[PDB]
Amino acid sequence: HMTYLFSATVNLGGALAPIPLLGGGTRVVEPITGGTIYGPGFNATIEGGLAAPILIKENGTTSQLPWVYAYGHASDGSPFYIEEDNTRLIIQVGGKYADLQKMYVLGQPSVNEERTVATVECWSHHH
């Protein structure tokens, strides 16, 4: 029914100040400077990317809509690209981890208070 795949530790660079959006939300751009993915289902080095969450208040409560784009190489050398939008993660990689493309991958990300490190635990749902 559900299988643990990997965790990720993501190093975040200097974020840009919030961008005011029409309607009252804000977009916060957080460059990714590196990080590591480790687990039974995926092992890789994060080389770059960005998070671009949107913060929007609806009915008095701020919801954060995550958007994340990251890339690197897997432990076998294969380039990968991950897009995040619980949240769904779409993993595009060939080589030994290629079967991740066939999986419905969900992630639970958290960011430390100072917003220098994001961590996420990811698992596949056998729908």
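Numbers for residues come from their place in the sequence shown, where the first is 1.
Participant: Does the chain run continuously from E47 to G48, or are deposited residues unmodelled in between? Answer none, 1 to 3, 4 to 9, or 10 or more.
Facilitator: Missing residues, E47 to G48: none.
Participant: Regarding 73-81 and 50-58, which shows the higher C-alpha temperature factor on average in the entry?
Facilitator: Looking at the record's C-alpha B-factors, the answer is 50-58.
Participant: Should the higher mean CA B-factor in the entry be assigned to 93-101 or to 60-68?
Facilitator: Between 60-68 and 93-101, it is 60-68 that shows the higher mean C-alpha B-factor.
Participant: Between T26, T33, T36, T87, which one tops the list for C-alpha B-factor in the PDB entry?
Facilitator: Top of the list by C-alpha B-factor: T87.
Participant: Would you check the entry's CA temperature factor for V10 and let me know if it's in the chain's lowest, middle or highest third?
Facilitator: Middle third - that is where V10 ends up once the chain's C-alpha B-factors are sorted.
Participant: Within this chain's modelled residues, let me know which third the CA B factor of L22 belongs to: lowest, middle or highest.
Facilitator: Middle third of the chain for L22's C-alpha B-factor.
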